[PDB]
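Note on naming: letters A, B, ... go to the chains in the order of the sequence lines (proteins, then strands), and numbering restarts at 1 for each one. Computed over heavy atoms, backbone and side chain alike; hydrogens, waters and symmetry mates excluded.
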Amino acid sequence: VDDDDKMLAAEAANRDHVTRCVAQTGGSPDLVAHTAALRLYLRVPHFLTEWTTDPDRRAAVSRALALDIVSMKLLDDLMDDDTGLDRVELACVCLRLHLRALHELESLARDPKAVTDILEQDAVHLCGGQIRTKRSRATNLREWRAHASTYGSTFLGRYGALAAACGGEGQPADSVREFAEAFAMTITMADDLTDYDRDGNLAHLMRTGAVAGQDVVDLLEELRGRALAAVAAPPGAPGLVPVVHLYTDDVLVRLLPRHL
Amino acid sequence: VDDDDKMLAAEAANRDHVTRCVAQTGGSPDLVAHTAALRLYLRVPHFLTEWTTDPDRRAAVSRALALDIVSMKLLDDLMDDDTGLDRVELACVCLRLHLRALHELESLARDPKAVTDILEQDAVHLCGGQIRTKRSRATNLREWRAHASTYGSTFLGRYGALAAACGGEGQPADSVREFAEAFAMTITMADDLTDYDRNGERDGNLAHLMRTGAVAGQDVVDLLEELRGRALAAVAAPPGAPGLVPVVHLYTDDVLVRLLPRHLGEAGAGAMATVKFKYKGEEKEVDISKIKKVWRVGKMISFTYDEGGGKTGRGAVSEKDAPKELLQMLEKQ
């Protein structure tokens, strides 16, 4: 029973918890399936809970985070209106998943108040951030990274902080968040360079020559370094070291050559 | 500074808290103006907090409720997507207002879990309820009422419970939510009978079912009188919110007097009234519609009526056996 076996079971359990929840509140098969197809979004709560030593607590925080992350993904589907999904379903299941997550997270938190503290603290940075992102599109790496710091880093940073708040004492909360913010930007770049083929896209700027390949490599190496430092803070999440390498190397080896 | 002046001030203070909070998140002026226009959504929290004795707590709860009610209104605008407002602003301001409401309410709650408990308890009823409302359009009053009890009654009942949970001591939790649920249905009928023309709404719409013939006017009156009675009962429960009695009457009577007649017509209030009397030895009954002239002689009401053809009828009844309709023609003749 290695780390891959824990990750795979966590991912399956998060998926089942989300799909049961979407189904019982009236989600159509198409909306249930859409939800089941959010692979990395169902998997990333396992990474965020790597510092949680009680295996029962860890599975309960992981699936609570999966409900809210999926909820925020459906809200994001609702603002783009481009899935061909029923907007009533999208909106109603979005609210249902989010309210369940609030309840599951508040019942695991040392201090239930800490859930609403973390969600309010940078709500304006996150929500005002997403508005500015979709208004003025990026024209160089500086602007791309600034925007990806909100809908990517601040977005996962919050779930990092929530995993530390509900994962039992001792967790180095600042390092969990630091990990989430660095990892989020690696996978946001990945998504950008995948979702070009599938206007402020890093892929487009790379291909037009507004952004240079070596700069993207340097950012990825900076984010790798930031993620490795965060998981070496005491106590430490050594399990995340191969994870940081896997997602970073994948952008360098498989995705960068598609745009250069 | 009586109850009408407190109620205006509370809406204006909720409006200020909500519009500032929308502007600070990067909501455009149009979206700020949209939330400012939600007058009843902004006032309703004043009704829900009427039982709160400490006025600094009252104003805090009231504005925190306004934040989440408006947020959920933005979510609704985002699912219909017909406002012309930017979808990204609606979603991001929706989330932001909601997260600020959770923080403010959790700061005032007796229990740290009470807010998320109330929001979770009937989340499936509310969320699955709204899905089925748009999935399967109501074709009669029973169906209209069952749909309306989720996105109206359950919707506001939750803010009722949160007002009680966040409103310190002397809150009859069950009665506050009872009032919210009955009042929400009164308000939801008013919206349907209004938004028929304001929004051009047809499928599942109560005004359409009334005009179509699918729902009878008298059944609508009875439901309004039931919701009035339910709301009056809730605000009479000790320690009482007597300030809410004229508010219940105002909204119910407005549906009865102003909106109903636009969908019923000549006389949509049930059966045509009659006058019973004896005349030349026979039992007689005439419809108010056939009564020509009507006048008073002591306690007696004397009158003529169209008997069919050119023939004119004659009668006199005691004022004790006169229908209100005949006595009204007395006053207006």
Between [X] and [Y], is any side-chain donor less than 3.5 angstrom from a side-chain acceptor?
X: A:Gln171; Y: A:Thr52; answer: yes
X: A:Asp77; Y: A:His34; answer: yes
X: B:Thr116; Y: A:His103; answer: no
X: B:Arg158; Y: B:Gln121; answer: no
X: B:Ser62; Y: B:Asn14; answer: yes

Quick one: does [X]'s side chain get under 4.5 Å of [Y]'s, heavy atoms only?
X: B:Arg96; Y: B:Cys21; answer: yes
X: A:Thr133; Y: B:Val88; answer: no
X: B:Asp86; Y: B:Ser28; answer: no
X: A:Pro235; Y: A:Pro172; answer: yes
X: A:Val18; Y: A:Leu38; answer: no
X: A:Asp250; Y: A:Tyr247; answer: no
X: B:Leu65; Y: B:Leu105; answer: yes
X: A:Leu78; Y: B:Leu75; answer: yes

List for me each residue that meets side-chain hydrogen bond (donor to acceptor under 3.5 Å, both in side chains) alongside [X], sequence neighbours excluded, and say none if there are none.
X: B:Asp30; result: none
X: A:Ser71; result: none
X: A:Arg57; result: none

Say you draw a straight line from [atom1] of [X] to [atom2] of [Y]; how long is it, rounded to the nearest 0.5 Å?
X: B:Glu11; Y: B:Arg39; atom1: CD; atom2: CZ; answer: 7.5 Å
X: A:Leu126; Y: B:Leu99; atom1: CG; atom2: CG; answer: 8.5 Å
X: A:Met185; Y: A:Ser153; atom1: CE; atom2: OG; answer: 5.5 Å
X: B:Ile118; Y: B:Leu162; atom1: CD1; atom2: CG; answer: 4.5 Å
X: A:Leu74; Y: A:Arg87; atom1: CG; atom2: CZ; answer: 12.0 Å
X: B:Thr25; Y: B:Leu31; atom1: OG1; atom2: CG; answer: 8.5 Å

Around atom CZ of A:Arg20, are there more than 12 heavy atoms of other residues, nucleotides or ligands at under 6.0 Å?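 No - once you tally the heavy atoms of other residues, nucleotides and ligands closer than 6.0 Å, there are 12 at most.
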For residues 2-26 of chain A, pull every pair meeting ring-ring contact (aromatic ring centres under 6.0 Å, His included), keeping only residues two or more places apart or in separate chains.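 Sorted pair list comes back empty.
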Could you pull out the closest heavy-atom pair between [X] and [Y], with the gap in Å?
X: A:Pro257; Y: A:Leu252; value: CD-O, 3.5 Å
X: A:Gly213; Y: A:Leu256; value: O-CD1, 4.1 Å
X: A:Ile69; Y: A:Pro45; value: CD1-CG, 4.0 Å
X: B:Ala101; Y: B:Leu67; value: CB-CB, 3.8 Å
X: B:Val61; Y: B:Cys166; value: CG2-O, 3.4 Å
X: B:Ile131; Y: A:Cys92; value: CG1-CB, 3.6 Å

Taking A:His98 for the side chain and A:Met72 for the main chain, is one N or O donor matched with an acceptor at less than 3.5 Å?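 Not confirmed, A:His98 side chain does not pair with A:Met72 backbone.
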Heavy-atom donor-acceptor pair, A:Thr188 side chain to A:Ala148 backbone, under 3.5 Å: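 Judged by distance alone, no pair lies under 3.5 Å.
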Tell me, with the steps shown, if B:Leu97 and B:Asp68 meet side-chain contact (heavy atoms from CB on, under 4.5 Å). CA-CA 6 Å; B:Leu97 295 193; B:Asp68 203 58; over 6 Å; no
Salt-bridge test for [X] and [Y]: reply yes if a basic N is under 4.0 Å from a carboxylate O, no otherwise.
X: A:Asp80; Y: A:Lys134; value: yes
X: B:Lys113; Y: B:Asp117; value: no
X: B:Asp195; Y: B:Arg198; value: yes
X: A:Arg58; Y: A:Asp54; value: no
X: B:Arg135; Y: B:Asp203; value: no
X: B:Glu120; Y: A:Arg100; value: yes

Atom pairs and distances, side-chain donor-acceptor, residues 214-223 of chain A, under 3.5 Å, sequence neighbours left out:
unit_1   : atom_1 : unit_2   : atom_2 : d
A:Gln214 : NE2    : A:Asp218 : OD1    : 3.1
A:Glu221 : OE1    : A:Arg224 : NE     : 2.9
A:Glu221 : OE2    : A:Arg224 : NH2    : 2.9
A:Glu222 : OE1    : A:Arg145 : NH2    : 2.7
A:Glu222 : OE2    : A:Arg145 : NH2    : 3.3

Check the pair A:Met79 / A:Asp76 against side-chain contact (heavy atoms from CB on, under 4.5 Å), numbers first and verdict last. CA-CA 5 Å; A:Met79 67 175 110; A:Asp76 179 75; 4.0 Å; yes
Measure from the ring center of A:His204 to the ring center of A:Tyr196 and say whether it is less than 6.0 Å.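 No, the ring centres sit 6.0 Å or more apart.
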Please find out if less than 6.0 Å separates the ring center of A:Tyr151 from that of A:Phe155.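 When the ring centroids of A:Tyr151 and A:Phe155 are compared, they turn out to be at least 6.0 Å apart.
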Step-by-step side-chain contact (heavy atoms from CB on, under 4.5 Å) determination, A:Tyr159 to A:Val176: CA-CA 9 Å; A:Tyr159 297 116; A:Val176 176; over 6 Å; no
Checking side-chain contact (heavy atoms from CB on, under 4.5 Å) for the pair A:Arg258/A:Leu193: CA distance, chi angles, key distance, verdict? CA-CA 8 Å; A:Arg258 293 178 178 189; A:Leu193 308 194; over 6 Å; no
Those residues that, when tested against A:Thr139, pass side chain to side chain contact (heavy atoms under 4.5 Å, CB included) (two or more places apart):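 Once residues adjacent in sequence are excluded, the partners of A:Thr139 under the side chain to side chain contact (heavy atoms under 4.5 Å, CB included) criterion are A:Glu143.
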